[PDB]
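Structure 1 and structure 2, given next as structure tokens, are two forms of the same protein chain, each shown alone.
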Structure 1
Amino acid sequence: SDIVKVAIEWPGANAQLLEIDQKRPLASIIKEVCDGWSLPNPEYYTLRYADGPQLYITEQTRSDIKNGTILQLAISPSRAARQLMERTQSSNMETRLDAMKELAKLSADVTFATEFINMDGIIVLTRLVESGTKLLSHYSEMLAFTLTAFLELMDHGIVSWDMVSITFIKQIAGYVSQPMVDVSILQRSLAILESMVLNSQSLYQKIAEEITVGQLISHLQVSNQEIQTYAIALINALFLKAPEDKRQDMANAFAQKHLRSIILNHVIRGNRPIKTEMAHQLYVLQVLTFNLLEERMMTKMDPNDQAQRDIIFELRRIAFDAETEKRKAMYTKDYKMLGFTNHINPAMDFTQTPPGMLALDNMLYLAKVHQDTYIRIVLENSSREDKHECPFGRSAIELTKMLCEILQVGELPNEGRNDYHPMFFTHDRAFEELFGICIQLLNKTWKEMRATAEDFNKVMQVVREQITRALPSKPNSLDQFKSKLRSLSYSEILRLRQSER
């Protein structure tokens, strides 16, 4: 009643065509097949798919066999695992190489892997890496197969990553930290370190000590996109696993060794088009990078802290002192003409989280790094006692909040996204630079709308539309982003809105 038509093949023989009763034990089928070819000891054999990854057939997966499938009679997984336990440890180096090749093939099959793992097969591989001689020089091909088999076995999730010795860890890290070796070995070594880091806080700690920022970044400079992808993956893994209180230091260390420009020049603008898995790693890197802003975003100012109040005083001084009766008039209004809602105690405005102290950081950056722009914006609006001034303090806080929303500061990385904004790979302080560009935009839009204070939320909405219609054009640089914004003036936003209506 429940039948599947298959052909079963064996080297040197003609196929047997069977109508397999799915109620019959596989052992009965295999004995039939063996008898057909005069093979003794049917219990030594099993069936596997002839095509694809050639998986072993079990009483489970036999249900998936489609009519007309070609199967092969093969050595059973248990006997194959025992044979490879012997041969991967042969003193005959050709025997060992051949065995490791076969082990790398079979280890992807969980039916085989469980047999091999249950004889401490993984320890055969780790002991070889720990103590084998001339592995990189004389036996690099064998070593690549060894590492392939190791990673395939570990990927079945049967045993904990914490089983690995400090000696094995150090050897794998050694392959990464060395003036680059074989590409196959480096690829697998990076892959193993990534998996170790992701799966164990203990392994993360040991690995973080064994590899330098410089060594990791150097691997981004190879022309091989898979090496580059695993290098960024390992970097991402270290960031993901780093304690909250160490992640910022790590970012500064990578930044000082030019991680960003190396990615820009060797990946983003590289000869080889970026394929999906590299794109995904660039997405994760950008998510982790924006999340470095999250703590400050959620930090409230302490309005009773004189040092923090003094930062706002400094901000005001930089602008107001660039302006004498006029200057006096500004200061008599406390912080009103710097545009804070809380005129007398602007520190209170920085207790809103988001954006909290991040907004203060952005303002101080603009004032220290782009003083002329800062002064222009404040002074065009600090003597304005018609209701048309653009309030700097209030605007900057709301803009910082808006940028955090747009760029999704605080969002976790997930499996489904591969998107990133390439212009953030073009400047060490791209977030702060973006703030400066967007506060100039906000002031331009404000003036284009002849806005008053009552219009504040409407202007912010236009500015939000401007920014978010510019980003999907994927500007290559901050300058390109600026050019794009110029093509989205208030009058253009009006036209686009009308076209929707």
Structure 2
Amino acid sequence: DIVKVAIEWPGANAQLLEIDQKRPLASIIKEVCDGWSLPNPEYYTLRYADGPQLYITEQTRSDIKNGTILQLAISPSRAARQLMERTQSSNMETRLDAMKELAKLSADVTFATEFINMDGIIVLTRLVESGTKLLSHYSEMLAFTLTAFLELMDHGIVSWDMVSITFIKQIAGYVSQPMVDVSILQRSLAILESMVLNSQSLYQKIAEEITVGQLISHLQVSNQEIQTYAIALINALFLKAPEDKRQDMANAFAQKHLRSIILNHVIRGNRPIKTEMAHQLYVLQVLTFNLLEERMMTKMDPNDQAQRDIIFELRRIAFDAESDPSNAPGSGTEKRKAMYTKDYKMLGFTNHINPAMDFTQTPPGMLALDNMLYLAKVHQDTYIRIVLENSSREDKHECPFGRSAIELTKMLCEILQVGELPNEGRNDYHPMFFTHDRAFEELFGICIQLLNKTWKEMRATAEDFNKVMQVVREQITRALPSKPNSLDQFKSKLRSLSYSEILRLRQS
């Protein structure tokens, strides 16, 4: 086809051309240079005048729409060679302006490919590792160099394995040290993040050079952009951590108050939360919820006494206090088992005899058991009341704790999207999970109370089990878009969202 464009040249009138797409670029350029009386048309290449001003090749020339504004520019190969030479100049103002142009052009893959194939990567890292540090614009010069280096690496042409490890150690040292120039920190964080996300070997080297506290300390500053690349680097470490070692890493960051620091410095910060930051919060929240996946898909081993002891503990907390008689021995082994079995019926388990079988269902697996124990140990008052008010299965209107807690845990996993890998587009996150160290377990506690309130508000029976759960799912889902900044606020909206309320709201 034929596309009409205009091509510009500094200090001269633009040329209006009808581009024949069947015609070679070299021929077109030759004619253009003839119009402006320019020698050596082989020196030049077409380039967009506006926007990113990308170089144009024979493969990308299809995207040139009608009315596009182009510029006759120095060819990417010739420019790459000129700039690399100017970076080895005796004049330093020469090198600052050269490096500044490198920081701009390195984003263009057409230019980057040329510069990289001129041993460009090692040219830059060697400027960083042994440049002259005594001069007026050292930090400025370093910043542009790091910018150009990163943009070159982000084209997926050069493996991080080829990058000098002393260079990487130096960059990591900029992050671990008490304070560095703010722009140097940003470049360093961005580099380390990209290295982690795009390799395996180098990932192990970061945990050596930089401690958890040091990486978290970059969240305690006013600069929102710093905070953003700080969490980006943290999210990268979590994301590409081996399943083997993710839980320990989450513990290490938690024991140094990663959550509360983000809560106070970002969510409760002075300046508004920007789009880039909101995305990293989404990513972080997705990654933390994914920690539950292992336990969610972990089937209980009924033959493991250590796992059965957890259920024994649940039964013990519920039914065995000092107000109760002593099941002293003399009571047959068949008689003691009879009492245990009834307890498991009163606890609402399906398999009354061996309740461990209830947790072979994955999802929610052992995660449901962890939630029950958490409720029993942290909120005994709540656990006790729930199981005692719903003890007799003979009563048709009572709610089985076991069957409910298992289903609820499954339900909460679906709503929170546990076992999902974060995309690049989402910015949505639930703020209240940043307000407590065990937010998921607290959520279960609140929702199991909700479940019981909703159950008795519907005057439900065992036959209506699935119907109640459907209501509870809707109650929780409706309270979320209001985006509560605390678990108490979330609990408050649940109070208003009673069964009588939700029924009214689909009449609409």
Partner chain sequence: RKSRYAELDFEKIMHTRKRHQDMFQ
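Rigid core here is just the name for the largest C-alpha set that superposes within 1.5 Å across the two forms. Here, a residue number simply tells you its place in the sequence of structure 1, counted from 1.
Note: the form deposited with the partner chain bound is the first of the two, structure 1. Checked against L198, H421, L135, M163, the hinge of the rigid-body motion between the two structures corresponds to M163. When the larger rigid part is held fixed by C-alpha fitting, the smaller one turns through 11 degrees between the two structures. Core fit done between the two structures; CA of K23 shifted by 8.1 Å. Aligning the rigid core leaves the CA of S91 displaced by 4.8 Å between the two structures. Core superposition places the Cα of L441 0.3 Å apart between the two structures.
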